[PDB]
file final.pdb (PDB, N, CA and C atoms)
ATOM      1  N   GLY A   1     -40.938  19.043  72.239
ATOM      2  CA  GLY A   1     -42.126  19.926  72.324
ATOM      3  C   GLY A   1     -42.000  21.144  71.430
ATOM      4  N   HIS A   2     -41.812  20.907  70.137
ATOM      5  CA  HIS A   2     -41.705  21.988  69.166
ATOM      6  C   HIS A   2     -42.563  21.698  67.941
ATOM      7  N   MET A   3     -42.283  20.579  67.282
ATOM      8  CA  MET A   3     -42.980  20.218  66.051
ATOM      9  C   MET A   3     -44.463  19.972  66.307
ATOM     10  N   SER A   4     -44.763  18.896  67.023
ATOM     11  CA  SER A   4     -46.136  18.549  67.360
ATOM     12  C   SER A   4     -46.151  17.404  68.367
ATOM     13  N   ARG A   5     -45.756  16.226  67.910
ATOM     14  CA  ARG A   5     -45.624  15.069  68.778
ATOM     15  C   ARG A   5     -44.576  14.120  68.225
ATOM     16  N   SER A   6     -43.789  13.548  69.130
ATOM     17  CA  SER A   6     -42.723  12.619  68.783
ATOM     18  C   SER A   6     -41.654  13.288  67.929
ATOM     19  N   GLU A   7     -40.623  13.768  68.602
ATOM     20  CA  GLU A   7     -39.551  14.487  67.947
ATOM     21  C   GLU A   7     -38.208  13.775  68.094
ATOM     22  N   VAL A   8     -37.779  13.533  69.339
ATOM     23  CA  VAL A   8     -36.465  12.940  69.613
ATOM     24  C   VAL A   8     -35.328  13.841  69.118
ATOM     25  N   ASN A   9     -34.637  14.474  70.052
ATOM     26  CA  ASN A   9     -33.513  15.337  69.733
ATOM     27  C   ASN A   9     -32.670  15.580  70.983
ATOM     28  N   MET A  10     -31.734  16.518  70.921
ATOM     29  CA  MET A  10     -30.859  16.789  72.061
ATOM     30  C   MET A  10     -31.333  18.019  72.828
ATOM     31  N   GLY A  11     -32.295  18.672  72.204
ATOM     32  CA  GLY A  11     -33.052  19.821  72.717
ATOM     33  C   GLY A  11     -32.260  21.076  73.040
ATOM     34  N   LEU A  12     -31.062  20.935  73.558
ATOM     35  CA  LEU A  12     -30.150  22.042  73.687
ATOM     36  C   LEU A  12     -28.854  21.720  72.988
ATOM     37  N   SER A  13     -28.005  22.707  72.906
ATOM     38  CA  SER A  13     -26.705  22.545  72.312
ATOM     39  C   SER A  13     -25.663  22.276  73.389
ATOM     40  N   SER A  14     -25.027  21.114  73.314
ATOM     41  CA  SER A  14     -23.983  20.746  74.258
ATOM     42  C   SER A  14     -22.644  21.348  73.829
ATOM     43  N   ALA A  15     -22.721  22.393  73.024
ATOM     44  CA  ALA A  15     -21.547  23.108  72.573
ATOM     45  C   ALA A  15     -21.161  24.188  73.576
ATOM     46  N   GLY A  16     -20.046  23.982  74.263
ATOM     47  CA  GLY A  16     -19.572  24.957  75.229
ATOM     48  C   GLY A  16     -20.123  24.705  76.616
ATOM     49  N   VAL A  17     -21.067  23.781  76.704
ATOM     50  CA  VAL A  17     -21.690  23.423  77.958
ATOM     51  C   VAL A  17     -20.743  22.649  78.840
ATOM     52  N   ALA A  18     -20.923  22.810  80.130
ATOM     53  CA  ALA A  18     -20.145  22.070  81.081
ATOM     54  C   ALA A  18     -20.870  20.789  81.445
ATOM     55  N   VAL A  19     -20.836  19.861  80.516
ATOM     56  CA  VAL A  19     -21.564  18.610  80.650
ATOM     57  C   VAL A  19     -20.759  17.553  81.389
ATOM     58  N   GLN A  20     -21.436  16.860  82.300
ATOM     59  CA  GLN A  20     -20.805  15.823  83.076
ATOM     60  C   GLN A  20     -20.796  14.517  82.301
ATOM     61  N   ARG A  21     -19.661  14.199  81.712
ATOM     62  CA  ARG A  21     -19.531  12.979  80.941
ATOM     63  C   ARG A  21     -19.014  11.844  81.808
ATOM     64  N   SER A  22     -18.165  12.186  82.767
ATOM     65  CA  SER A  22     -17.605  11.204  83.686
ATOM     66  C   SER A  22     -18.670  10.703  84.655
ATOM     67  N   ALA A  23     -19.833  11.329  84.593
ATOM     68  CA  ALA A  23     -20.943  10.983  85.457
ATOM     69  C   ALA A  23     -21.860   9.978  84.774
ATOM     70  N   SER A  24     -21.478   9.571  83.572
ATOM     71  CA  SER A  24     -22.294   8.687  82.759
ATOM     72  C   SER A  24     -22.299   7.266  83.310
ATOM     73  N   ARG A  25     -23.445   6.614  83.182
ATOM     74  CA  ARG A  25     -23.609   5.246  83.617
ATOM     75  C   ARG A  25     -23.185   4.255  82.553
ATOM     76  N   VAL A  26     -23.045   4.734  81.331
ATOM     77  CA  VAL A  26     -22.683   3.875  80.219
ATOM     78  C   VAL A  26     -21.515   4.488  79.453
ATOM     79  N   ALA A  27     -20.696   3.644  78.834
ATOM     80  CA  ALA A  27     -19.470   4.104  78.198
ATOM     81  C   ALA A  27     -19.726   4.984  76.985
ATOM     82  N   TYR A  28     -19.013   6.078  76.974
ATOM     83  CA  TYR A  28     -19.015   7.086  75.938
ATOM     84  C   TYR A  28     -18.373   6.628  74.638
ATOM     85  N   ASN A  29     -18.693   5.425  74.175
ATOM     86  CA  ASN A  29     -17.838   4.728  73.213
ATOM     87  C   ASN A  29     -17.860   5.439  71.861
ATOM     88  N   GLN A  30     -16.863   6.285  71.653
ATOM     89  CA  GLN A  30     -16.849   7.166  70.502
ATOM     90  C   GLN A  30     -16.849   6.369  69.202
ATOM     91  N   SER A  31     -16.527   5.091  69.300
ATOM     92  CA  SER A  31     -16.551   4.211  68.148
ATOM     93  C   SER A  31     -17.990   3.852  67.784
ATOM     94  N   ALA A  32     -18.838   3.648  68.797
ATOM     95  CA  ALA A  32     -20.252   3.378  68.554
ATOM     96  C   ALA A  32     -20.957   4.695  68.323
ATOM     97  N   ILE A  33     -20.422   5.725  68.958
ATOM     98  CA  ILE A  33     -20.937   7.074  68.819
ATOM     99  C   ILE A  33     -20.754   7.556  67.389
ATOM    100  N   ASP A  34     -19.583   7.264  66.845
ATOM    101  CA  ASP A  34     -19.256   7.624  65.483
ATOM    102  C   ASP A  34     -19.868   6.624  64.530
ATOM    103  N   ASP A  35     -20.335   5.536  65.108
ATOM    104  CA  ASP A  35     -21.055   4.507  64.382
ATOM    105  C   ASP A  35     -22.526   4.895  64.303
ATOM    106  N   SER A  36     -22.766   6.177  64.584
ATOM    107  CA  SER A  36     -24.083   6.814  64.633
ATOM    108  C   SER A  36     -25.065   6.345  63.554
ATOM    109  N   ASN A  37     -24.566   5.759  62.478
ATOM    110  CA  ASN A  37     -25.441   5.244  61.437
ATOM    111  C   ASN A  37     -26.265   4.056  61.935
ATOM    112  N   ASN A  38     -25.910   3.530  63.108
ATOM    113  CA  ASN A  38     -26.643   2.456  63.717
ATOM    114  C   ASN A  38     -28.072   2.854  63.980
ATOM    115  N   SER A  39     -28.968   1.899  63.848
ATOM    116  CA  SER A  39     -30.323   2.104  64.290
ATOM    117  C   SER A  39     -30.357   1.959  65.801
ATOM    118  N   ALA A  40     -29.195   1.629  66.393
ATOM    119  CA  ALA A  40     -29.064   1.594  67.832
ATOM    120  C   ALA A  40     -29.271   2.986  68.380
ATOM    121  N   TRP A  41     -29.177   3.962  67.504
ATOM    122  CA  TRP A  41     -29.330   5.342  67.887
ATOM    123  C   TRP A  41     -30.743   5.845  67.615
ATOM    124  N   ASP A  42     -31.522   5.061  66.891
ATOM    125  CA  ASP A  42     -32.910   5.409  66.642
ATOM    126  C   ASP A  42     -33.773   4.845  67.754
ATOM    127  N   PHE A  43     -34.183   5.743  68.642
ATOM    128  CA  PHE A  43     -34.965   5.388  69.817
ATOM    129  C   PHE A  43     -36.231   4.621  69.426
ATOM    130  N   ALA A  44     -37.095   5.320  68.683
ATOM    131  CA  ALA A  44     -38.385   4.810  68.208
ATOM    132  C   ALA A  44     -39.254   5.977  67.728
ATOM    133  N   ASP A  45     -40.299   6.299  68.499
ATOM    134  CA  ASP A  45     -41.198   7.415  68.189
ATOM    135  C   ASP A  45     -41.692   8.083  69.469
ATOM    136  N   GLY A  46     -41.242   9.318  69.707
ATOM    137  CA  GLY A  46     -41.590  10.048  70.932
ATOM    138  C   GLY A  46     -41.155   9.316  72.184
ATOM    139  N   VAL A  47     -40.260   8.370  71.993
ATOM    140  CA  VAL A  47     -39.717   7.556  73.058
ATOM    141  C   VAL A  47     -38.835   8.413  73.933
ATOM    142  N   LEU A  48     -38.086   9.277  73.287
ATOM    143  CA  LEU A  48     -37.243  10.213  73.975
ATOM    144  C   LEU A  48     -38.084  11.256  74.652
ATOM    145  N   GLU A  49     -39.079  11.695  73.929
ATOM    146  CA  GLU A  49     -40.000  12.711  74.390
ATOM    147  C   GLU A  49     -40.783  12.206  75.575
ATOM    148  N   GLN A  50     -40.737  10.905  75.739
ATOM    149  CA  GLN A  50     -41.338  10.229  76.852
ATOM    150  C   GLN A  50     -40.481  10.359  78.062
ATOM    151  N   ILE A  51     -39.270   9.919  77.877
ATOM    152  CA  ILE A  51     -38.272   9.938  78.903
ATOM    153  C   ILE A  51     -38.039  11.360  79.342
ATOM    154  N   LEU A  52     -38.095  12.244  78.369
ATOM    155  CA  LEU A  52     -37.928  13.665  78.584
ATOM    156  C   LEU A  52     -39.127  14.250  79.286
ATOM    157  N   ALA A  53     -40.297  13.823  78.846
ATOM    158  CA  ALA A  53     -41.546  14.223  79.476
ATOM    159  C   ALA A  53     -41.501  13.800  80.925
ATOM    160  N   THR A  54     -40.920  12.634  81.110
ATOM    161  CA  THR A  54     -40.676  12.075  82.397
ATOM    162  C   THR A  54     -39.600  12.878  83.140
ATOM    163  N   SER A  55     -38.469  13.141  82.477
ATOM    164  CA  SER A  55     -37.361  13.899  83.053
ATOM    165  C   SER A  55     -37.840  15.196  83.697
ATOM    166  N   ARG A  56     -38.625  15.962  82.955
ATOM    167  CA  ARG A  56     -39.167  17.220  83.458
ATOM    168  C   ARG A  56     -40.065  16.966  84.666
ATOM    169  N   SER A  57     -40.880  15.922  84.564
ATOM    170  CA  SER A  57     -41.766  15.506  85.640
ATOM    171  C   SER A  57     -40.968  15.128  86.889
ATOM    172  N   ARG A  58     -39.851  14.448  86.668
ATOM    173  CA  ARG A  58     -38.957  14.025  87.739
ATOM    174  C   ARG A  58     -38.320  15.227  88.410
ATOM    175  N   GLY A  59     -38.137  16.261  87.613
ATOM    176  CA  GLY A  59     -37.455  17.452  88.070
ATOM    177  C   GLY A  59     -36.030  17.489  87.569
ATOM    178  N   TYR A  60     -35.772  16.711  86.530
ATOM    179  CA  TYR A  60     -34.466  16.661  85.909
ATOM    180  C   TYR A  60     -34.261  17.910  85.064
ATOM    181  N   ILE A  61     -35.265  18.206  84.248
ATOM    182  CA  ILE A  61     -35.213  19.305  83.315
ATOM    183  C   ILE A  61     -36.540  20.018  83.217
ATOM    184  N   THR A  62     -36.589  20.897  82.246
ATOM    185  CA  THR A  62     -37.786  21.594  81.861
ATOM    186  C   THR A  62     -37.916  21.573  80.338
ATOM    187  N   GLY A  63     -39.149  21.464  79.843
ATOM    188  CA  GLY A  63     -39.424  21.512  78.411
ATOM    189  C   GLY A  63     -38.422  20.744  77.574
ATOM    190  N   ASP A  64     -37.796  21.449  76.643
ATOM    191  CA  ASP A  64     -36.737  20.884  75.826
ATOM    192  C   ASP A  64     -35.397  21.499  76.205
ATOM    193  N   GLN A  65     -35.353  22.057  77.405
ATOM    194  CA  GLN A  65     -34.157  22.650  77.977
ATOM    195  C   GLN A  65     -33.201  21.580  78.477
ATOM    196  N   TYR A  66     -33.151  20.475  77.790
ATOM    197  CA  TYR A  66     -32.309  19.373  78.198
ATOM    198  C   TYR A  66     -31.137  19.250  77.261
ATOM    199  N   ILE A  67     -30.149  18.493  77.665
ATOM    200  CA  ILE A  67     -29.036  18.213  76.802
ATOM    201  C   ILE A  67     -28.809  16.728  76.732
ATOM    202  N   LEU A  68     -29.231  16.145  75.668
ATOM    203  CA  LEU A  68     -29.066  14.729  75.494
ATOM    204  C   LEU A  68     -27.800  14.486  74.676
ATOM    205  N   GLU A  69     -27.175  13.328  74.839
ATOM    206  CA  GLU A  69     -25.955  13.013  74.103
ATOM    207  C   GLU A  69     -25.848  11.533  73.800
ATOM    208  N   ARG A  70     -25.273  11.225  72.641
ATOM    209  CA  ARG A  70     -24.990   9.854  72.273
ATOM    210  C   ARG A  70     -23.812   9.344  73.064
ATOM    211  N   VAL A  71     -23.953   8.142  73.580
ATOM    212  CA  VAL A  71     -22.975   7.595  74.487
ATOM    213  C   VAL A  71     -22.488   6.230  74.046
ATOM    214  N   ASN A  72     -23.373   5.245  74.014
ATOM    215  CA  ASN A  72     -22.936   3.870  73.814
ATOM    216  C   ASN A  72     -23.936   3.066  73.013
ATOM    217  N   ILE A  73     -23.469   1.965  72.456
ATOM    218  CA  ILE A  73     -24.364   0.999  71.838
ATOM    219  C   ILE A  73     -24.191  -0.362  72.498
ATOM    220  N   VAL A  74     -25.210  -0.779  73.230
ATOM    221  CA  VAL A  74     -25.214  -2.092  73.869
ATOM    222  C   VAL A  74     -26.345  -2.920  73.298
ATOM    223  N   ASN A  75     -25.999  -3.981  72.574
ATOM    224  CA  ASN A  75     -26.987  -4.852  71.936
ATOM    225  C   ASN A  75     -27.719  -4.094  70.821
ATOM    226  N   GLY A  76     -27.234  -2.908  70.515
ATOM    227  CA  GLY A  76     -27.964  -2.036  69.625
ATOM    228  C   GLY A  76     -29.029  -1.234  70.355
ATOM    229  N   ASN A  77     -28.917  -1.162  71.677
ATOM    230  CA  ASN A  77     -29.880  -0.434  72.506
ATOM    231  C   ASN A  77     -29.417   0.987  72.765
ATOM    232  N   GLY A  78     -28.802   1.588  71.742
ATOM    233  CA  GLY A  78     -28.087   2.869  71.858
ATOM    234  C   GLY A  78     -28.478   3.721  73.047
ATOM    235  N   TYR A  79     -27.514   3.932  73.918
ATOM    236  CA  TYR A  79     -27.734   4.640  75.162
ATOM    237  C   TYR A  79     -27.424   6.107  75.001
ATOM    238  N   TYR A  80     -28.292   6.908  75.565
ATOM    239  CA  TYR A  80     -28.187   8.341  75.496
ATOM    240  C   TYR A  80     -28.169   8.917  76.890
ATOM    241  N   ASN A  81     -27.319   9.887  77.123
ATOM    242  CA  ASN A  81     -27.312  10.547  78.416
ATOM    243  C   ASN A  81     -28.145  11.792  78.336
ATOM    244  N   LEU A  82     -28.869  12.050  79.388
ATOM    245  CA  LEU A  82     -29.659  13.243  79.482
ATOM    246  C   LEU A  82     -28.971  14.186  80.441
ATOM    247  N   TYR A  83     -28.796  15.396  79.995
ATOM    248  CA  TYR A  83     -28.090  16.408  80.738
ATOM    249  C   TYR A  83     -28.963  17.625  80.920
ATOM    250  N   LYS A  84     -28.606  18.419  81.896
ATOM    251  CA  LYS A  84     -29.229  19.701  82.110
ATOM    252  C   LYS A  84     -28.647  20.705  81.134
ATOM    253  N   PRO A  85     -29.274  21.879  80.962
ATOM    254  CA  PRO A  85     -28.732  22.936  80.100
ATOM    255  C   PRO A  85     -27.324  23.339  80.504
ATOM    256  N   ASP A  86     -26.973  23.006  81.732
ATOM    257  CA  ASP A  86     -25.660  23.320  82.256
ATOM    258  C   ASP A  86     -24.702  22.180  81.965
ATOM    259  N   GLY A  87     -25.257  21.086  81.461
ATOM    260  CA  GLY A  87     -24.470  19.916  81.149
ATOM    261  C   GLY A  87     -24.504  18.896  82.271
ATOM    262  N   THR A  88     -25.254  19.189  83.322
ATOM    263  CA  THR A  88     -25.323  18.299  84.466
ATOM    264  C   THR A  88     -25.978  16.969  84.106
ATOM    265  N   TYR A  89     -25.235  15.887  84.309
ATOM    266  CA  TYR A  89     -25.749  14.539  84.096
ATOM    267  C   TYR A  89     -26.998  14.268  84.908
ATOM    268  N   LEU A  90     -28.001  13.803  84.200
ATOM    269  CA  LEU A  90     -29.257  13.400  84.784
ATOM    270  C   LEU A  90     -29.355  11.875  84.814
ATOM    271  N   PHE A  91     -29.242  11.251  83.638
ATOM    272  CA  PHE A  91     -29.252   9.788  83.537
ATOM    273  C   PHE A  91     -28.808   9.302  82.171
ATOM    274  N   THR A  92     -28.698   7.988  82.070
ATOM    275  CA  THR A  92     -28.445   7.309  80.816
ATOM    276  C   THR A  92     -29.682   6.523  80.431
ATOM    277  N   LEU A  93     -30.186   6.761  79.253
ATOM    278  CA  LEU A  93     -31.393   6.112  78.811
ATOM    279  C   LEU A  93     -31.113   5.198  77.641
ATOM    280  N   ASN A  94     -32.057   4.332  77.404
ATOM    281  CA  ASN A  94     -32.005   3.384  76.319
ATOM    282  C   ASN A  94     -32.949   3.876  75.258
ATOM    283  N   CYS A  95     -32.450   4.167  74.085
ATOM    284  CA  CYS A  95     -33.292   4.708  73.043
ATOM    285  C   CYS A  95     -34.267   3.645  72.576
ATOM    286  N   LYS A  96     -33.780   2.414  72.524
ATOM    287  CA  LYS A  96     -34.502   1.329  71.899
ATOM    288  C   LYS A  96     -35.628   0.827  72.778
ATOM    289  N   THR A  97     -35.618   1.233  74.038
ATOM    290  CA  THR A  97     -36.643   0.802  74.963
ATOM    291  C   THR A  97     -37.245   1.992  75.695
ATOM    292  N   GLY A  98     -36.526   3.114  75.663
ATOM    293  CA  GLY A  98     -36.952   4.302  76.358
ATOM    294  C   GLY A  98     -36.808   4.155  77.859
ATOM    295  N   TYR A  99     -36.054   3.138  78.260
ATOM    296  CA  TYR A  99     -35.686   2.935  79.638
ATOM    297  C   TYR A  99     -34.637   3.963  80.025
ATOM    298  N   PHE A 100     -34.456   4.189  81.308
ATOM    299  CA  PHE A 100     -33.429   5.101  81.767
ATOM    300  C   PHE A 100     -32.859   4.666  83.102
ATOM    301  N   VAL A 101     -31.557   4.842  83.221
ATOM    302  CA  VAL A 101     -30.803   4.365  84.357
ATOM    303  C   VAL A 101     -30.252   5.542  85.150
ATOM    304  N   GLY A 102     -30.209   5.404  86.456
ATOM    305  CA  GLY A 102     -29.687   6.467  87.286
ATOM    306  C   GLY A 102     -28.265   6.185  87.724
ATOM    307  N   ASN A 103     -27.672   7.110  88.461
ATOM    308  CA  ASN A 103     -26.304   6.941  88.936
ATOM    309  C   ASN A 103     -26.231   7.073  90.451
ATOM    310  N   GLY A 104     -25.164   6.536  91.025
ATOM    311  CA  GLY A 104     -24.977   6.595  92.456
ATOM    312  C   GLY A 104     -23.516   6.518  92.837
ATOM    313  N   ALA A 105     -23.229   5.800  93.910
ATOM    314  CA  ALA A 105     -21.869   5.675  94.409
ATOM    315  C   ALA A 105     -21.096   4.598  93.650
ATOM    316  N   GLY A 106     -20.929   4.807  92.350
ATOM    317  CA  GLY A 106     -20.154   3.888  91.536
ATOM    318  C   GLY A 106     -20.764   2.503  91.480
ATOM    319  N   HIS A 107     -22.055   2.437  91.196
ATOM    320  CA  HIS A 107     -22.755   1.161  91.112
ATOM    321  C   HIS A 107     -23.671   1.128  89.899
ATOM    322  N   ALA A 108     -23.986  -0.074  89.446
ATOM    323  CA  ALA A 108     -24.932  -0.255  88.363
ATOM    324  C   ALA A 108     -26.338  -0.210  88.895
ATOM    325  N   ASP A 109     -26.954   0.929  88.711
ATOM    326  CA  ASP A 109     -28.328   1.124  89.094
ATOM    327  C   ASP A 109     -29.234   0.219  88.270
ATOM    328  N   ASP A 110     -29.227   0.437  86.968
ATOM    329  CA  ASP A 110     -30.020  -0.367  86.045
ATOM    330  C   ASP A 110     -29.117  -1.101  85.083
ATOM    331  N   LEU A 111     -27.827  -0.959  85.290
ATOM    332  CA  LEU A 111     -26.859  -1.433  84.326
ATOM    333  C   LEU A 111     -26.587  -2.912  84.512
ATOM    334  N   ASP A 112     -25.870  -3.471  83.561
ATOM    335  CA  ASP A 112     -25.645  -4.902  83.495
ATOM    336  C   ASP A 112     -24.399  -5.193  82.680
ATOM    337  N   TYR A 113     -24.186  -4.364  81.665
ATOM    338  CA  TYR A 113     -23.079  -4.530  80.738
ATOM    339  C   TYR A 113     -21.740  -4.539  81.475
TER     340      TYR A 113
END
call {"tool": "encode", "arguments": {"input": "final.pdb", "output": "structure tokens"}}
result
Amino acid sequence: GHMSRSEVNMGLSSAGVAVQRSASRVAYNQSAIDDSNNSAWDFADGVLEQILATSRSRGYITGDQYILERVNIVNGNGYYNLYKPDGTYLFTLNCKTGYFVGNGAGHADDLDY
């Protein structure tokens, strides 16, 4: 919610933030993460802004006060975690589908991998 429509970004800086990474539903695979050149990391168009628009609606975040992070590549469905400005894990989303998965008592909510 800065440019106009369809942006896709991390919205806040996860630098110094106390972000919950161990709370992630998908593996933080730094090899796929560093493989960032993948289109597995290209969500689509305002797809993130969707999930984010949703996140705020859900009560996960506000505006672009979110902290998104690259996590994993499954099938090329590059998964991104959404965090609070405090780094609090909200969910793991699929960039390629704009789907998003929640977390619980150590179970696959939407997961399969």
call {"tool": "atom_distance", "arguments": {"input": "final.pdb", "atom1": "CA of residue 37 (chain A)", "atom2": "atom C of residue 81 (chain A)"}}
result
18.3 Å
call {"tool": "resolve_selection", "arguments": {"input": "final.pdb", "expression": "the PyMOL selection byres (((chain A and resi 112 and name CA) around 12) and name CA)", "output": "tab-separated table (two decimals) with N, CA and C atoms, in the coordinates of the input"}}
result
chain	number	residue	atom	x	y	z
A	25	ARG	N	-23.44	6.61	83.18
A	25	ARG	CA	-23.61	5.25	83.62
A	25	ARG	C	-23.18	4.26	82.55
A	26	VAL	N	-23.04	4.73	81.33
A	26	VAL	CA	-22.68	3.88	80.22
A	26	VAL	C	-21.52	4.49	79.45
A	74	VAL	N	-25.21	-0.78	73.23
A	74	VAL	CA	-25.21	-2.09	73.87
A	74	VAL	C	-26.34	-2.92	73.30
A	75	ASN	N	-26.00	-3.98	72.57
A	75	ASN	CA	-26.99	-4.85	71.94
A	75	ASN	C	-27.72	-4.09	70.82
A	101	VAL	N	-31.56	4.84	83.22
A	101	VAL	CA	-30.80	4.36	84.36
A	101	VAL	C	-30.25	5.54	85.15
A	107	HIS	N	-22.06	2.44	91.20
A	107	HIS	CA	-22.76	1.16	91.11
A	107	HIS	C	-23.67	1.13	89.90
A	108	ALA	N	-23.99	-0.07	89.45
A	108	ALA	CA	-24.93	-0.26	88.36
A	108	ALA	C	-26.34	-0.21	88.90
A	109	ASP	N	-26.95	0.93	88.71
A	109	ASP	CA	-28.33	1.12	89.09
A	109	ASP	C	-29.23	0.22	88.27
A	110	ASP	N	-29.23	0.44	86.97
A	110	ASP	CA	-30.02	-0.37	86.04
A	110	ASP	C	-29.12	-1.10	85.08
A	111	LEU	N	-27.83	-0.96	85.29
A	111	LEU	CA	-26.86	-1.43	84.33
A	111	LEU	C	-26.59	-2.91	84.51
A	113	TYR	N	-24.19	-4.36	81.67
A	113	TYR	CA	-23.08	-4.53	80.74
A	113	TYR	C	-21.74	-4.54	81.47
call {"tool": "closest_residue", "arguments": {"input": "final.pdb", "among": "A:5, A:36, A:100, A:27", "to": "residue 49 (chain A)", "atoms": "all atoms listed in the file"}}
result
A:5
call {"tool": "select_by_dssp", "arguments": {"input": "final.pdb", "residues": "chain A", "states": "helix (DSSP H, G or I)", "output": "list in words"}}
result
residues 30, 31, 32, 33, 39, 40, 41, 47, 48, 49, 50, 51, 52, 53, 54, 55, 56, 57 and 58 of chain A
call {"tool": "atom_distance", "arguments": {"input": "final.pdb", "atom1": "CA of residue 15 (chain A)", "atom2": "CA of residue 71 (chain A)"}}
result
15.7 Å
